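K.L.:
Handing you a structure now.
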Protein chains: 2
Amino acid sequence: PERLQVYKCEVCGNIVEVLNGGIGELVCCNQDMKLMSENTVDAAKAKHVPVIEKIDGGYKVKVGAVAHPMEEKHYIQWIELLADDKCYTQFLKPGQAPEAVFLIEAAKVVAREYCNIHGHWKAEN
Amino acid sequence: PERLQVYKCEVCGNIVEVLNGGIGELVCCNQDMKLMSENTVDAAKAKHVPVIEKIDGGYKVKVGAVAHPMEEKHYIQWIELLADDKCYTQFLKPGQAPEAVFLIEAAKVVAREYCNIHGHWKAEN
Ligand SMILES: [Ca+2]
Ligand SMILES: [Fe+3]
Ligand SMILES: [Fe+3]
Ligand SMILES: [Fe+3]
Ligand SMILES: [Fe+3]
């Protein structure tokens, strides 16, 4: 595992993010945890690829070009903004907007979002 | 597991942060990953308990009341600022000062830090 990677435990539901890398394989509920690699799922990019907008003092992230659903059974669980050595995470729940604002001083950033159904997605400016 | 809990594999060094809880037990290198509970390690609070300072637009976090070492074999790996729905993580490296600045609009915050040797610590404003 490498820092910032997101792993999911099939069946049991746990989802973790790596803070410190290592060689060991993460296991849960009798199987290796699944690496949720960004932009690998066969789903509409229009609703899943994060859109980054530069604002005063930071960035505004929307998921996505077309607003993604935020329903009890299908929503964006969180949005993250990655920069230099920073990982800012904004958790979301059904009924909220698929959007997040991050105040940071970084010219180059990477935005990520995780959909409970369609996986992990990212975009950069 | 519960959201934002930190777990570590005492064998290979993998350390992860829970994004979604689930019901499965996290395993690595043939043993349950260890829940790194905050303020449980028998270490000096003066250098480990985060100190939070409110600034314009956010908070400055220092580890701790007395500056903690930042050497190759003993340093603060990261400082985080938690809200009711946000987790901002600032990774650090040896040589740096044990501090971080977070621009955020939240009245109540929890600051956490992880020392590679002395573990997980937290404090609230
Ligand atoms: Ca984070
Ligand atoms: Fe391990
Ligand atoms: Fe989706
Ligand atoms: Fe599991
Ligand atoms: Fe220490």
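Sequence positions for chain B are given in Swiss-Prot numbering; the residues included correspond to 2-126, in order.
Yeah, the Cβs are placed from backbone N, Cα and C, and that goes for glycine too.
Taken from Swiss-Prot, the feature Fe cation 1 binding site applies to B:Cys10, B:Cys13, B:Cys29, B:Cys30. Sequence annotations record features per position, and here Swiss-Prot assigns Fe cation 2 binding site to B:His49, B:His69, B:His75, B:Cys116, B:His119.
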K.L.:
Which chain neighbours of the Fe cation 2 site, leaving out B:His49, B:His69, B:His75, B:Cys116, B:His119, have a Cβ atom within 8 Å of the mean position of the site's Cβ atoms?
P.N.:
B:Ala44, B:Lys48, B:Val64, B:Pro70, B:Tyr76, B:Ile77, B:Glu114, B:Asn117, B:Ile118, B:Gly120, B:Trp122
K.L.:
Quick check for the class: what is the C-alpha distance, in angstrom and rounded, between B:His119 (Fe cation 2 binding site) and B:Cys10 (Fe cation 1 binding site)?
P.N.:
15
K.L.:
By a 10 A CB contact count over all chains shown, which of the binding-site residues listed here is most packed: B:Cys13, B:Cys29, B:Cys30, B:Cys116?
P.N.:
B:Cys29
K.L.:
Would you list the binding-site residues among B:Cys10, B:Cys13, B:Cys29, B:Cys30, B:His119 that come within less than 8 Å, Cβ to Cβ, of chain A, in the order they occur in the sequence, writing 'none' if nothing qualifies?
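P.N.:
Answer, by Cβ distance to chain A: B:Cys10, B:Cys13, B:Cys29, B:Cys30.
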K.L.:
What kind of secondary structure is B:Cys10 (Fe cation 1 binding site) part of, going by DSSP in three states?
P.N.:
coil
K.L.:
Which of these binding-site residues (B:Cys10, B:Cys13, B:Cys29, B:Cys30, B:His69) have a C-beta closer than 6 Å to some atom of ligand 2?
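P.N.:
By the Cβ criterion, which requires under 6 Å to ligand 2, the hits are B:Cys10, B:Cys13, B:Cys29, B:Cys30.
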K.L.:
List nothing but the one residue from B:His49, B:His69, B:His75, B:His119 whose Cβ has the fewest other Cβ atoms within 10 Å; the candidates are the binding-site residues.
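P.N.:
B:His75, out of the binding-site residues B:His49, B:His69, B:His75, B:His119, has the fewest neighbouring Cβ atoms within 10 Å.
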K.L.:
Counting only residues 6+ away in sequence within the same chain, which have a CB under 8 Å from the CB of B:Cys10 (Fe cation 1 binding site)?
P.N.:
B:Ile16, B:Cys29, B:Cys30, B:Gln32, B:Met34, B:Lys35
K.L.:
Just to verify a number: CA distance, B:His49 (Fe cation 2 binding site) to B:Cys13 (Fe cation 1 binding site), in angstrom, no decimals.
P.N.:
24
K.L.:
Near ligand 5, meaning Cβ under 6 Å from any of its atoms: which of the binding-site residues B:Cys10, B:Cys13, B:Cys30, B:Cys116 fit that description?
P.N.:
B:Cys116
